[PDB]
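Shown next: final.pdb, containing PDB, C-alpha atoms (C1' of nucleotides).
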ATOM      1  CA  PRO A   1      25.919 -19.988 -36.313
ATOM      2  CA  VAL A   2      26.581 -17.139 -38.739
ATOM      3  CA  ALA A   3      24.862 -13.959 -39.883
ATOM      4  CA  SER A   4      22.969 -13.046 -43.053
ATOM      5  CA  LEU A   5      23.308  -9.535 -44.440
ATOM      6  CA  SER A   6      20.096 -10.216 -46.397
ATOM      7  CA  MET A   7      18.182 -10.949 -43.189
ATOM      8  CA  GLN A   8      20.060  -7.977 -41.710
ATOM      9  CA  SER A   9      18.674  -5.705 -44.452
ATOM     10  CA  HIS A  10      15.145  -7.106 -44.050
ATOM     11  CA  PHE A  11      15.231  -6.570 -40.284
ATOM     12  CA  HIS A  12      17.054  -3.265 -40.825
ATOM     13  CA  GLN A  13      14.976  -1.176 -43.177
ATOM     14  CA  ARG A  14      11.415  -1.333 -41.822
ATOM     15  CA  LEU A  15      12.145  -0.006 -38.315
ATOM     16  CA  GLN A  16      12.996   3.532 -39.522
ATOM     17  CA  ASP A  17       9.311   4.364 -39.138
ATOM     18  CA  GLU A  18       9.095   2.658 -35.735
ATOM     19  CA  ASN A  19      11.698   4.350 -33.545
ATOM     20  CA  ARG A  20       9.861   2.983 -30.487
ATOM     21  CA  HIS A  21      11.660  -0.311 -31.326
ATOM     22  CA  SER A  22      15.044   1.245 -32.170
ATOM     23  CA  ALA A  23      18.255  -0.160 -30.650
ATOM     24  CA  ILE A  24      21.297   1.512 -32.206
ATOM     25  CA  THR A  25      24.321  -0.836 -31.965
ATOM     26  CA  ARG A  26      27.425   0.683 -33.561
ATOM     27  CA  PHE A  27      30.037  -1.950 -34.368
ATOM     28  CA  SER A  28      33.719  -2.755 -34.659
ATOM     29  CA  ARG A  29      34.458   0.311 -36.653
ATOM     30  CA  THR A  30      33.426   0.526 -40.298
ATOM     31  CA  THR A  31      36.725  -0.310 -42.012
ATOM     32  CA  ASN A  32      36.967  -4.081 -42.436
ATOM     33  CA  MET A  33      33.627  -5.657 -41.463
ATOM     34  CA  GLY A  34      32.277  -5.067 -44.968
ATOM     35  CA  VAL A  35      30.503  -2.468 -47.121
ATOM     36  CA  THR A  36      27.111  -3.702 -45.848
ATOM     37  CA  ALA A  37      28.198  -2.065 -42.586
ATOM     38  CA  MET A  38      29.382   1.039 -44.493
ATOM     39  CA  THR A  39      25.877   1.445 -45.951
ATOM     40  CA  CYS A  40      24.248   2.059 -42.558
ATOM     41  CA  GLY A  41      27.368   3.174 -40.677
ATOM     42  CA  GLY A  42      26.395   4.149 -37.158
ATOM     43  CA  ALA A  43      22.753   3.067 -36.816
ATOM     44  CA  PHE A  44      22.612  -0.762 -37.263
ATOM     45  CA  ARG A  45      19.137  -0.753 -35.714
ATOM     46  CA  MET A  46      17.682  -3.950 -34.257
ATOM     47  CA  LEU A  47      14.538  -5.284 -32.605
ATOM     48  CA  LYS A  48      13.504  -4.754 -28.991
ATOM     49  CA  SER A  49      10.216  -4.996 -27.111
ATOM     50  CA  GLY A  50       9.469  -1.283 -26.800
ATOM     51  CA  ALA A  51       8.150  -1.592 -23.235
ATOM     52  CA  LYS A  52       9.628  -2.344 -19.816
ATOM     53  CA  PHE A  53       8.672  -5.081 -17.354
ATOM     54  CA  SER A  54       5.263  -5.155 -15.657
ATOM     55  CA  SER A  55       3.332  -6.673 -12.742
ATOM     56  CA  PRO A  56       1.572 -10.007 -13.367
ATOM     57  CA  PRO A  57      -0.155 -12.523 -11.181
ATOM     58  CA  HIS A  58       1.911 -15.695 -11.065
ATOM     59  CA  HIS A  59      -1.172 -17.839 -10.391
ATOM     60  CA  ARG A  60      -4.843 -17.257  -9.666
ATOM     61  CA  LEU A  61      -5.794 -20.624  -8.155
ATOM     62  CA  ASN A  62      -4.194 -20.192  -4.718
ATOM     63  CA  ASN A  63       3.197 -36.674 -14.890
ATOM     64  CA  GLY A  64       5.248 -36.103 -11.763
ATOM     65  CA  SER A  65       8.942 -35.812 -10.924
ATOM     66  CA  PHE A  66       8.774 -32.014 -10.714
ATOM     67  CA  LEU A  67      12.140 -30.696  -9.528
ATOM     68  CA  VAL A  68      11.643 -27.133  -8.257
ATOM     69  CA  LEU A  69      14.404 -24.495  -8.461
ATOM     70  CA  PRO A  70      13.563 -20.958  -7.285
ATOM     71  CA  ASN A  71      15.390 -17.639  -7.346
ATOM     72  CA  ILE A  72      18.058 -18.035 -10.013
ATOM     73  CA  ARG A  73      19.671 -14.623 -10.476
ATOM     74  CA  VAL A  74      21.813 -14.153 -13.590
ATOM     75  CA  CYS A  75      24.044 -11.091 -13.742
ATOM     76  CA  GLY A  76      25.905 -10.118 -16.892
ATOM     77  CA  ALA A  77      23.942 -12.323 -19.289
ATOM     78  CA  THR A  78      23.692 -12.012 -23.103
ATOM     79  CA  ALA A  79      20.933  -9.795 -24.473
ATOM     80  CA  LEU A  80      22.092  -9.536 -28.098
ATOM     81  CA  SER A  81      21.330 -13.185 -28.819
ATOM     82  CA  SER A  82      20.230 -13.203 -32.455
ATOM     83  CA  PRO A  83      21.886 -10.949 -35.034
ATOM     84  CA  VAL A  84      18.625  -8.964 -35.216
ATOM     85  CA  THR A  85      16.889  -8.946 -31.808
ATOM     86  CA  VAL A  86      17.776  -7.266 -28.508
ATOM     87  CA  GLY A  87      16.097  -8.501 -25.341
ATOM     88  CA  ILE A  88      15.721 -11.817 -23.484
ATOM     89  CA  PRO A  89      18.414 -14.497 -24.237
ATOM     90  CA  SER A  90      18.121 -17.571 -26.448
ATOM     91  CA  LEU A  91      16.155 -20.643 -25.521
ATOM     92  CA  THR A  92      19.098 -22.819 -26.554
ATOM     93  CA  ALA A  93      20.963 -21.166 -23.672
ATOM     94  CA  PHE A  94      18.330 -22.470 -21.240
ATOM     95  CA  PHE A  95      18.463 -25.829 -23.030
ATOM     96  CA  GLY A  96      22.239 -25.942 -22.704
ATOM     97  CA  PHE A  97      21.961 -24.995 -19.038
ATOM     98  CA  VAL A  98      19.528 -27.854 -18.383
ATOM     99  CA  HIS A  99      21.539 -30.377 -20.414
ATOM    100  CA  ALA A 100      24.769 -29.401 -18.633
ATOM    101  CA  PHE A 101      22.948 -29.812 -15.305
ATOM    102  CA  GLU A 102      21.792 -33.334 -16.117
ATOM    103  CA  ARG A 103      25.164 -34.294 -17.609
ATOM    104  CA  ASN A 104      26.671 -33.202 -14.297
ATOM    105  CA  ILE A 105      24.177 -34.976 -12.052
ATOM    106  CA  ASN A 106      24.099 -38.295 -13.920
TER     107      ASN A 106
ATOM    108  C1'   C B   1      27.912 -29.240 -23.285
ATOM    109  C1'   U B   2      24.575 -22.258 -23.271
ATOM    110  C1'   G B   3      26.430 -17.593 -31.357
ATOM    111  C1'   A B   4      31.628 -21.940 -26.435
ATOM    112  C1'   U B   5      35.880 -20.695 -22.768
ATOM    113  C1'   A B   6      38.377 -14.899 -21.338
ATOM    114  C1'   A B   7      36.944  -9.672 -20.673
ATOM    115  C1'   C B   8      38.371  -3.126 -14.026
ATOM    116  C1'   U B   9      35.780   3.118 -19.246
ATOM    117  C1'   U B  10      37.586   7.333 -16.228
ATOM    118  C1'   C B  11      39.465  12.298 -14.364
ATOM    119  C1'   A B  12      37.412  17.985 -13.646
ATOM    120  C1'   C B  13      32.818  20.963 -13.561
ATOM    121  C1'   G B  14      29.346  28.577  -9.777
ATOM    122  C1'   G B  15      22.595  29.626 -14.772
ATOM    123  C1'   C B  16      22.167  34.301 -12.913
ATOM    124  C1'   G B  17      19.756  39.594 -12.983
ATOM    125  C1'   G B  18      14.222  42.362 -13.075
ATOM    126  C1'   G B  19       8.677  42.260 -12.561
ATOM    127  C1'   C B  20       0.832  45.944  -9.174
ATOM    128  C1'   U B  21      -3.756  40.797 -12.168
ATOM    129  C1'   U B  22      -8.350  43.930 -11.527
ATOM    130  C1'   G B  23     -13.675  46.198 -12.123
ATOM    131  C1'   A B  24     -19.404  44.491 -11.068
ATOM    132  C1'   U B  25     -22.767  40.786  -8.926
ATOM    133  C1'   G B  26     -30.856  39.395  -4.831
ATOM    134  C1'   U B  27     -30.939  31.679  -5.540
ATOM    135  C1'   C B  28     -36.313  31.251  -4.160
ATOM    136  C1'   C B  29     -41.794  29.444  -3.902
ATOM    137  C1'   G B  30     -44.506  24.520  -1.455
ATOM    138  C1'   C B  31     -44.257  20.362   2.440
ATOM    139  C1'   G B  32     -48.879  15.601   8.474
ATOM    140  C1'   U B  33     -43.609   9.788   9.548
ATOM    141  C1'   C B  34     -47.738   6.544  11.824
ATOM    142  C1'   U B  35     -49.872   1.628  14.126
ATOM    143  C1'   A B  36     -48.305  -2.883  18.219
ATOM    144  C1'   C B  37     -45.112  -4.643  22.830
ATOM    145  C1'   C B  38     -45.014  -8.614  30.764
ATOM    146  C1'   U B  39     -37.265  -9.087  31.444
ATOM    147  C1'   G B  40     -37.626 -12.248  35.624
ATOM    148  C1'   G B  41     -34.691 -12.232  42.461
ATOM    149  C1'   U B  42     -38.840 -19.856  42.898
ATOM    150  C1'   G B  43     -38.064 -20.265  48.632
ATOM    151  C1'   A B  44     -33.522 -16.935  49.228
ATOM    152  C1'   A B  45     -27.569 -13.035  54.638
ATOM    153  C1'   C B  46     -31.063 -14.547  61.385
ATOM    154  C1'   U B  47     -31.624 -13.546  66.603
ATOM    155  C1'   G B  48     -29.222 -10.559  70.574
ATOM    156  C1'   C B  49     -25.995  -7.223  73.727
ATOM    157  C1'   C B  50     -22.641  -2.199  74.451
ATOM    158  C1'   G B  51     -22.312   2.433  72.340
ATOM    159  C1'   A B  52     -26.318   9.690  74.582
ATOM    160  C1'   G B  53     -24.745   7.916  68.455
ATOM    161  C1'   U B  54     -28.134   6.536  59.729
ATOM    162  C1'   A B  55     -20.898   6.718  62.300
ATOM    163  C1'   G B  56     -18.761   2.559  65.442
ATOM    164  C1'   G B  57     -17.397  -2.724  68.546
ATOM    165  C1'   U B  58     -19.196  -7.498  69.793
ATOM    166  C1'   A B  59     -21.612 -13.169  70.804
ATOM    167  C1'   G B  60     -23.679 -17.316  68.130
TER     168        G B  60
END
Would you mind writing the file's structure down as structure tokens?
Amino acid sequence: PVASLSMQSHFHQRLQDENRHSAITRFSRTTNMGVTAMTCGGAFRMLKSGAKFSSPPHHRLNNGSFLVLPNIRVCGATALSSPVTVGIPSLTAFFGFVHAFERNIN
RNA sequence: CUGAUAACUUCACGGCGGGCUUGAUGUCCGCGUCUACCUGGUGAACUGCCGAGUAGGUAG
């Protein structure tokens, strides 16, 4: 996977109004990454939820082969997953976790 | 088979000095709670003697 400066400009420009979703990520240092980084040197704003966690109900009620795994705690994960969003990780990370688990246990 | 594998940010740090919130103030008038009403001991711990003795000891 690689990055598109065109998608970076699309996801860049609109959020200047909405600073509630601003996540300033200054990069390598603006010498050799490219002039598209020199254009917005310092800001590099990206997408985040704009609100913290909350309190849900897990369930209101009370195939098969349901294998139950509680209380997985992940410290030091990856939040900058896409080039443009900042928040929860990828779903291909969870897919790779599950596929590595079955390729162990088979 | 996880934008793959690896990845010690840290050391020091005196927000202090001063300060009159007060003046005045009629809440009141009126007011019928009433009618009715079975808690029961089945028969169920007796008859005597001594003690001057509502106290006190006896025999069965």
### Task
At a cut-off of 7 Å, list the chain A residues touching chain B, using all atoms listed in the file, as number ranges by chain.
A: 1, 92-94, 96-97, 100
Given the selection you just returned, output its residues as a file containing C-alpha atoms, formatted as a tab-separated table (two decimals), in the coordinates of the input.
chain	number	residue	atom	x	y	z
A	1	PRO	CA	25.92	-19.99	-36.31
A	92	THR	CA	19.10	-22.82	-26.55
A	93	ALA	CA	20.96	-21.17	-23.67
A	94	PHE	CA	18.33	-22.47	-21.24
A	96	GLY	CA	22.24	-25.94	-22.70
A	97	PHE	CA	21.96	-25.00	-19.04
A	100	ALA	CA	24.77	-29.40	-18.63
Tell me, as a PDB file with C-alpha atoms (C1' of nucleotides), in the frame of the given file, which residues lie within 9 Å of range 81-91 of chain A, counting only C-alpha atoms (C1' of nucleotides); anything in the same chain fewer than 5 positions away does not count.
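Below is the file that was written, part00.pdb:
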ATOM      1  CA  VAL A   2      26.581 -17.139 -38.739  1.00  0.00           C
ATOM      2  CA  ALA A   3      24.862 -13.959 -39.883  1.00  0.00           C
ATOM      3  CA  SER A   4      22.969 -13.046 -43.053  1.00  0.00           C
ATOM      4  CA  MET A   7      18.182 -10.949 -43.189  1.00  0.00           C
ATOM      5  CA  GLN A   8      20.060  -7.977 -41.710  1.00  0.00           C
ATOM      6  CA  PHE A  11      15.231  -6.570 -40.284  1.00  0.00           C
ATOM      7  CA  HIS A  12      17.054  -3.265 -40.825  1.00  0.00           C
ATOM      8  CA  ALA A  23      18.255  -0.160 -30.650  1.00  0.00           C
ATOM      9  CA  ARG A  45      19.137  -0.753 -35.714  1.00  0.00           C
ATOM     10  CA  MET A  46      17.682  -3.950 -34.257  1.00  0.00           C
ATOM     11  CA  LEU A  47      14.538  -5.284 -32.605  1.00  0.00           C
ATOM     12  CA  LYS A  48      13.504  -4.754 -28.991  1.00  0.00           C
ATOM     13  CA  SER A  49      10.216  -4.996 -27.111  1.00  0.00           C
ATOM     14  CA  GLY A  96      22.239 -25.942 -22.704  1.00  0.00           C
TER      15      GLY A  96
ATOM     16  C1'   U B   2      24.575 -22.258 -23.271  1.00  0.00           C
ATOM     17  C1'   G B   3      26.430 -17.593 -31.357  1.00  0.00           C
TER      18        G B   3
END
### Query
For this file, the PyMOL selection byres ((chain A and resi 36) around 12) selects which residues, as a ChimeraX atom specification?
/A:4-9,12,27,30-35,37-42,44
Report, as JSON, the axis-aligned box around all atoms of range 51-64 of chain A present in the file, extended by 4 Å on each side; give centre and edge lengths in Å to one decimal place.
{"center_x": 1.9, "center_y": -19.1, "center_z": -14.0, "size_x": 23.4, "size_y": 43.1, "size_z": 26.5}
#### Entry: Which of A:21, A:102, A:68, A:95 sits closest to residue 52 in chain A [using all atoms listed in the file]
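Looking at the shortest contact to residue 52 in chain A, the residue is A:21.
Here CA of residue 14 in chain A and CA of residue 51 in chain A stand 18.9 Å from one another.
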### Query
If you measure from CA of residue 50 in chain A to CA of residue 20 in chain A, what distance in Å do you get, rounded to one decimal?
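CA of residue 50 in chain A sits 5.7 Å away from CA of residue 20 in chain A.
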### Query
Mind pulling up the distance from CA of residue 99 in chain A to CA of residue 65 in chain A?
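Interatomic distance here is 16.7 Å.
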### Task
Would you list the contacts of residue 48 in chain B as an MDAnalysis selection string, taking every protein, DNA or RNA residue within 12 Å and counting only C-alpha atoms (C1' of nucleotides), but skipping same-chain residues closer than 3 positions in sequence?
chainID B and resid 58:60
